[PDB]
Structure formats: C-alpha cells, structure tokens
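The structure under discussion appears below in the form of structure tokens.
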Amino acid sequence: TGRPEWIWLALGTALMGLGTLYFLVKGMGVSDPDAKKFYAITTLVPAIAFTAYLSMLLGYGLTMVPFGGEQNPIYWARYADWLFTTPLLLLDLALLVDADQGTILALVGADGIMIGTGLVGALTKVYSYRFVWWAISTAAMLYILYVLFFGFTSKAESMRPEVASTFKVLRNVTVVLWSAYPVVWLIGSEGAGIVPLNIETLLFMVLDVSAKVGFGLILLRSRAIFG
Ligand SMILES: *C/C=C(C)/C=C/C=C(C)/C=C/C1=C(C)CCCC1(C)C
C-alpha cells in the first residue's frame, strides 16, 4: 500500500512504545501502593495506543465510508484506542483529587457517549447526519471538561498544594488537548475533507502523544502520587 500518512503512524507507534516501557520500568521499582496505582493506569494508556497505532500502521482499523460522492478513508481503530484510553486518563485525575464514586461513574459514562456517537458519526453515510453525531459527541466532551474545571479543581483544594498544583497542570493540559480533537475531526477526513488525511494523521499523533506520554511524564514525576 504505502499511504501518505504511514510515517505519522510509525512515529506515533514509536513514541507510544518508548513511553509505555519507561513508565513500566519506573512503575515496578516503586513500593508505595498509591504510586503503584497511578503507575498501572498511566502505563496502560500508551500501551493501548501503541497497539492501535501499530494495527493502523500495518493496514488495519481502516474502512472506506461513502458520502459526499466519494469513497472516504476512515480510521476507526482510533475510537477502539480512545474508548479505553480516555476514561483511564479521567480516572488518574479523579483519583488525584479524591473524586467521589458518583463523579467518576458519570465522567466515564459521558466519555462513553462521546466516543460512541463519535464513531457512529464517522461511519454515517448521510453527509449531514455525520455532523449531527459529531455535535452530540462534542456536547458530551464539554460536560467532561466542565466537570474537570468546575468540580475537580474545587475538590483538589482539600488536598495539599503539591497535589492541587499537579492536578491544575494535568487539568490544563487536558483542556487544551481534548478541545482540539473535535476541530481536527470537523475539518479533516471524517468531516469537511478540507485537511488531507496525511496532515490529519500528524495532527492526531501530536495530540495523542502529548495527551498520553505528555500527561504521563507530568503525573508520574510528581510526588502527588504518593499515599
Ligand atoms: C489519548 C487520547 C485522548 C486524550 C483523546 C481525546 C479524544 C477526544 C477529546 C475526542 C473527541 C471527539 C469529539 C468531541 C467529537 C468527534 C469525534 C471525537 C471522538 C474525535
């Protein structure tokens, strides 16, 4: 085959792999129970992403969806990746500020709708409806972001400054990155088809890598993970 975006897939594969191993190695040398918790979660995130990037690199997770009079290439392997990586990231943040069980369930469920409608939208054949699904998926995301910003930040105030200040950073990196995904989708292959697939793939690998390995390095080097 040799599609124009493969080099971005090979690069996402690579970065996700090194990040997985470094976290794995750093996580099995720590004795603290809580630290082990955050470590097991944060290493699983880039591990799921590495397998998904590898599959796509090798020709899987791709389907030709018909709409707009064209045969559009939609990488569905992404949603298979984000379906488990996104709620796991949310969990790290909820465990950090001592989010309540009810809070966590609702964030994971919201996350579920977001990825579900997102994929359903990316597979829809009626061009206009693709945007009806995209619309719902984004509304779910804003719910998640509102909670992280208005709820979590508030509960992180009963924590120590070291924990509150680490969460702020992760909360900020998450808000900036997640907000970018609905936009790439809209002007890319699953949407308006303005940005070509090769560029779109590069945009996604930068967000995925920053939101997983970036987020991970920040959380795992902090002392807020210790019980
Ligand atoms: C490691 C991956 C991360 C942090 C992925 C975050 C992904 C999102 C915030 C995705 C959002 C989407 C929408 C708001 C609507 C359209 C489809 C999605 C799934 C691309």
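In the structure tokens, each chain is lettered A, B, ... as it comes, each chain's residues begin at 1, and ligands are numbered from 1 in order of appearance.
Taking only C-alpha atoms and all ligand atoms into account, every polymer residue with at least one atom at most 6 Å away from ligand 1 is listed here: residues 82, 85, 86, 115, 118, 134, 137, 138, 141, 178, 181, 182, 185, 208, 211 and 212 of chain A.
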Next, dump the selected residues to file, keeping only N, CA and C atoms, as a compact mmCIF listing (two decimals), in the first residue's frame.
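part35.txt written:
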```txt
# COMPACT_ATOMS: atom_id res chain seq x y z
N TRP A 82 -9.14 5.25 21.86
CA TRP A 82 -9.73 6.23 22.79
C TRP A 82 -10.85 5.72 23.68
N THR A 85 -8.57 4.52 26.51
CA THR A 85 -7.53 5.44 26.96
C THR A 85 -8.09 6.72 27.57
N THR A 86 -9.16 7.27 26.99
CA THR A 86 -9.72 8.49 27.54
C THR A 86 -10.32 8.36 28.95
N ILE A 115 -17.27 8.92 22.65
CA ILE A 115 -16.56 8.04 21.72
C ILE A 115 -17.53 7.23 20.85
N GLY A 118 -19.26 9.54 18.41
CA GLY A 118 -18.15 9.95 17.56
C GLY A 118 -17.90 8.96 16.43
N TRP A 134 -21.50 14.13 15.42
CA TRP A 134 -20.33 14.88 15.85
C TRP A 134 -20.73 15.90 16.91
N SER A 137 -21.42 14.16 20.30
CA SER A 137 -20.14 13.72 20.85
C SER A 137 -19.38 14.90 21.49
N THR A 138 -19.41 16.05 20.84
CA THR A 138 -18.74 17.24 21.37
C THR A 138 -19.43 17.80 22.63
N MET A 141 -18.30 15.93 25.54
CA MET A 141 -16.94 16.36 25.90
C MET A 141 -16.90 17.63 26.74
N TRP A 178 -7.86 18.05 24.52
CA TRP A 178 -9.15 17.46 24.20
C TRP A 178 -9.98 18.41 23.32
N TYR A 181 -9.42 17.93 19.52
CA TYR A 181 -9.92 16.78 18.75
C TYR A 181 -11.19 17.01 17.92
N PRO A 182 -12.22 17.66 18.48
CA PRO A 182 -13.43 17.88 17.69
C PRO A 182 -13.19 18.78 16.48
N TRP A 185 -11.35 16.71 13.62
CA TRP A 185 -12.38 15.84 13.06
C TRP A 185 -13.26 16.61 12.06
N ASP A 208 -2.48 12.89 20.57
CA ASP A 208 -2.48 11.62 21.30
C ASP A 208 -1.23 11.49 22.16
N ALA A 211 -1.14 14.12 24.98
CA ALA A 211 -2.17 13.81 25.97
C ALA A 211 -1.95 12.52 26.77
N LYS A 212 -1.08 11.63 26.26
CA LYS A 212 -0.78 10.36 26.93
C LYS A 212 0.62 10.32 27.56
```
* Who sits within 10 Å of residue A:119, only C-alpha atoms, same chain under 6 positions skipped, as number ranges by chain -> A: 74-80, 83, 113, 130, 133-134, 137, 190
Atoms kept (N, CA, C and O atoms) for selection, written as an mmCIF file, in the first residue's frame:
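Ended up saving to selection_34.cif:
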```cif
data_model
loop_
_atom_site.group_PDB
_atom_site.id
_atom_site.type_symbol
_atom_site.label_atom_id
_atom_site.label_comp_id
_atom_site.auth_asym_id
_atom_site.auth_seq_id
_atom_site.Cartn_x
_atom_site.Cartn_y
_atom_site.Cartn_z
ATOM 1 N N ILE A 74 -11.774 6.160 6.542
ATOM 2 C CA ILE A 74 -11.988 6.450 7.952
ATOM 3 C C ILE A 74 -11.238 5.477 8.877
ATOM 4 O O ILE A 74 -11.525 4.278 8.886
ATOM 5 N N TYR A 75 -10.277 5.989 9.644
ATOM 6 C CA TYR A 75 -9.527 5.159 10.589
ATOM 7 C C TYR A 75 -10.346 4.948 11.870
ATOM 8 O O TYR A 75 -10.332 5.782 12.786
ATOM 9 N N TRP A 76 -11.052 3.825 11.927
ATOM 10 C CA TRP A 76 -11.873 3.509 13.081
ATOM 11 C C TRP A 76 -11.083 2.962 14.264
ATOM 12 O O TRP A 76 -11.577 2.952 15.396
ATOM 13 N N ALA A 77 -9.861 2.505 14.005
ATOM 14 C CA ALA A 77 -9.023 1.951 15.063
ATOM 15 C C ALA A 77 -8.809 2.986 16.173
ATOM 16 O O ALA A 77 -8.530 2.636 17.328
ATOM 17 N N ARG A 78 -8.942 4.259 15.812
ATOM 18 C CA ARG A 78 -8.759 5.344 16.758
ATOM 19 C C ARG A 78 -9.744 5.284 17.909
ATOM 20 O O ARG A 78 -9.352 5.448 19.065
ATOM 21 N N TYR A 79 -11.019 5.064 17.591
ATOM 22 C CA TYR A 79 -12.073 5.001 18.610
ATOM 23 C C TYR A 79 -11.899 3.771 19.502
ATOM 24 O O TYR A 79 -12.302 3.780 20.667
ATOM 25 N N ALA A 80 -11.298 2.719 18.942
ATOM 26 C CA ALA A 80 -11.027 1.489 19.690
ATOM 27 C C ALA A 80 -9.919 1.809 20.719
ATOM 28 O O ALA A 80 -9.874 1.235 21.809
ATOM 29 N N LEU A 83 -11.556 4.666 23.269
ATOM 30 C CA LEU A 83 -12.643 4.121 24.083
ATOM 31 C C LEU A 83 -12.149 3.700 25.473
ATOM 32 O O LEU A 83 -12.900 3.779 26.456
ATOM 33 N N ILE A 113 -20.387 7.965 25.753
ATOM 34 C CA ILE A 113 -21.233 8.582 24.724
ATOM 35 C C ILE A 113 -20.359 9.295 23.691
ATOM 36 O O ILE A 113 -20.514 9.086 22.485
ATOM 37 N N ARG A 130 -23.614 13.040 9.756
ATOM 38 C CA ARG A 130 -22.296 12.839 10.331
ATOM 39 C C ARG A 130 -22.080 13.965 11.353
ATOM 40 O O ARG A 130 -21.528 13.741 12.440
ATOM 41 N N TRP A 133 -24.158 13.623 14.709
ATOM 42 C CA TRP A 133 -23.476 12.739 15.659
ATOM 43 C C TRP A 133 -22.254 13.433 16.273
ATOM 44 O O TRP A 133 -21.999 13.322 17.476
ATOM 45 N N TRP A 134 -21.505 14.132 15.423
ATOM 46 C CA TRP A 134 -20.329 14.880 15.849
ATOM 47 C C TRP A 134 -20.733 15.898 16.909
ATOM 48 O O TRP A 134 -20.020 16.110 17.894
ATOM 49 N N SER A 137 -21.416 14.158 20.303
ATOM 50 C CA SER A 137 -20.136 13.725 20.854
ATOM 51 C C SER A 137 -19.385 14.897 21.493
ATOM 52 O O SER A 137 -18.784 14.753 22.555
ATOM 53 N N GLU A 190 -13.129 12.867 8.321
ATOM 54 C CA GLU A 190 -14.427 12.460 8.844
ATOM 55 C C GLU A 190 -15.430 13.605 8.736
ATOM 56 O O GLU A 190 -16.631 13.406 8.912
#
```
* Asked: What separation in Å, quoted to one decimal, exists between atom CA of residue A:13 and atom CA of residue A:72?
  -> 23.6 Å
Name the residues of stretch 57-195 of chain A that fall into strand (DSSP E or B) according to DSSP on the backbone, using the chain letters and numbers of this document, as an mmCIF file with C-alpha atoms, in the first residue's frame.
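Output saved as result_22.cif:
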```
data_model
loop_
_atom_site.group_PDB
_atom_site.id
_atom_site.type_symbol
_atom_site.label_atom_id
_atom_site.label_comp_id
_atom_site.auth_asym_id
_atom_site.auth_seq_id
_atom_site.Cartn_x
_atom_site.Cartn_y
_atom_site.Cartn_z
ATOM 1 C CA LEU A 62 -9.342 1.446 8.192
ATOM 2 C CA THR A 63 -12.628 1.480 6.323
ATOM 3 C CA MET A 64 -13.919 3.259 3.180
ATOM 4 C CA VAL A 65 -17.139 5.087 4.072
ATOM 5 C CA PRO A 66 -19.255 6.522 1.200
ATOM 6 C CA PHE A 67 -20.558 10.094 1.460
ATOM 7 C CA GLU A 70 -16.607 9.991 -2.560
ATOM 8 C CA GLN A 71 -15.198 6.811 -1.007
ATOM 9 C CA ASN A 72 -13.737 8.248 2.202
ATOM 10 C CA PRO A 73 -10.985 6.540 4.277
ATOM 11 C CA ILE A 74 -11.988 6.450 7.952
ATOM 12 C CA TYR A 75 -9.527 5.159 10.589
#
```
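Compared by their closest atoms to residue A:187, and using only C-alpha atoms, the residues A:131, A:11, A:102, A:171 rank with A:131 nearest.
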* **residue A:7 environment, 10 Å, only C-alpha atoms, sequence neighbours closer than 4 positions dropped, as a PyMOL selection string** => chain A and resi 2-3+11-13+57+198+201-202
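Minimum distance to residue A:44 across A:95, A:206, A:213, A:219 (counting only C-alpha atoms) occurs at A:213.
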* Structure fact -> Computed gap from atom CA of residue A:145 to atom CA of residue A:114 is 12.0 Å
Which polymer residues have any atom within 12 Å of an atom of residue A:24, counting only C-alpha atoms, with same-chain residues fewer than 3 positions away left out, as a PDB file with C-alpha atoms, in the first residue's frame?
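Okay, around37.pdb is ready:
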```pdb
ATOM      1  CA  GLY A  17       6.122   2.399  22.796  1.00  0.00           C
ATOM      2  CA  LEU A  18       9.050   4.165  24.436  1.00  0.00           C
ATOM      3  CA  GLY A  19       6.624   5.908  26.787  1.00  0.00           C
ATOM      4  CA  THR A  20       4.995   2.619  27.748  1.00  0.00           C
ATOM      5  CA  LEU A  21       8.331   0.960  28.605  1.00  0.00           C
ATOM      6  CA  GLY A  27       6.422   1.840  37.947  1.00  0.00           C
ATOM      7  CA  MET A  28       7.722  -1.591  39.026  1.00  0.00           C
ATOM      8  CA  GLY A  29      10.505  -0.121  41.133  1.00  0.00           C
ATOM      9  CA  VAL A  30       8.098   1.881  43.313  1.00  0.00           C
ATOM     10  CA  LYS A  36       1.687   1.829  42.008  1.00  0.00           C
ATOM     11  CA  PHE A  38      -1.273   5.796  39.192  1.00  0.00           C
ATOM     12  CA  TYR A  39       1.566   3.902  37.530  1.00  0.00           C
ATOM     13  CA  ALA A  40      -0.502   0.918  36.439  1.00  0.00           C
ATOM     14  CA  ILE A  41      -3.116   3.258  34.966  1.00  0.00           C
ATOM     15  CA  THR A  42      -0.715   5.666  33.211  1.00  0.00           C
ATOM     16  CA  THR A  43       1.341   2.887  31.545  1.00  0.00           C
ATOM     17  CA  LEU A  44      -1.773   1.122  30.207  1.00  0.00           C
ATOM     18  CA  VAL A  45      -2.837   4.323  28.370  1.00  0.00           C
ATOM     19  CA  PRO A  46       0.146   4.476  25.909  1.00  0.00           C
ATOM     20  CA  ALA A  47       0.143   0.645  25.677  1.00  0.00           C
ATOM     21  CA  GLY A 216       2.039  10.631  31.966  1.00  0.00           C
ATOM     22  CA  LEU A 217       5.540  12.093  32.360  1.00  0.00           C
ATOM     23  CA  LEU A 220       4.490  10.154  37.263  1.00  0.00           C
TER      24      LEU A 220
END
```
* Using only C-alpha atoms, determine which residues lie at most 10 Å from residue A:153, disregarding the query and same-chain residues fewer than 5 positions distant; provide the list as an NGL selection string. => :A and (93 or 97 or 147-148 or 158 or 164-165 or 167-168 or 171)
* DSSP on the backbone, then: every residue of stretch 174-203 of chain A marked alpha helix (DSSP H), written as a ChimeraX atom specification. => /A:174-178,181-187,197-203
* **Surrounding residues of residue A:196 excluding itself and chain neighbours under 6 positions, 10 Å, only C-alpha atoms, as a PyMOL selection string** => chain A and resi 4-5+187-189
Shell around residue A:54 at 9 Å using only C-alpha atoms, local window under 5 positions removed, as a compact mmCIF listing (two decimals) with N, CA and C atoms, in the first residue's frame:
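Dumped to selection09.txt:
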```txt
# COMPACT_ATOMS: atom_id res chain seq x y z
N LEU A 9 2.07 7.35 11.50
CA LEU A 9 1.62 6.16 12.24
C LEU A 9 2.85 5.47 12.84
N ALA A 10 3.93 5.40 12.06
CA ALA A 10 5.17 4.78 12.50
C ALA A 10 5.81 5.59 13.63
N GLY A 12 3.97 7.60 15.74
CA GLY A 12 3.07 7.52 16.88
C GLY A 12 3.30 6.19 17.58
N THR A 13 3.53 5.15 16.78
CA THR A 13 3.81 3.79 17.26
C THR A 13 5.07 3.90 18.15
N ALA A 14 6.16 4.41 17.56
CA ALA A 14 7.42 4.58 18.25
C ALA A 14 7.33 5.32 19.59
N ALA A 49 -2.63 2.58 23.05
CA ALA A 49 -2.36 3.47 21.93
C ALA A 49 -1.29 2.92 20.96
N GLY A 59 -2.05 -1.66 8.31
CA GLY A 59 -3.19 -1.80 7.41
C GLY A 59 -4.56 -2.12 7.97
N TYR A 60 -4.67 -2.17 9.30
CA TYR A 60 -5.96 -2.46 9.92
C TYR A 60 -6.61 -1.20 10.49
```
* Between atom CA of residue A:98 and atom CA of residue A:35, distance in Å (one decimal) ->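 Computing the Euclidean distance for atom CA of residue A:98 and atom CA of residue A:35 yields 14.3 Å.
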* **Best match for closeness to residue A:224 among A:34, A:68, A:103, A:176, counting only C-alpha atoms** =>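 Ranked by minimum distance to residue A:224, first place goes to A:34.
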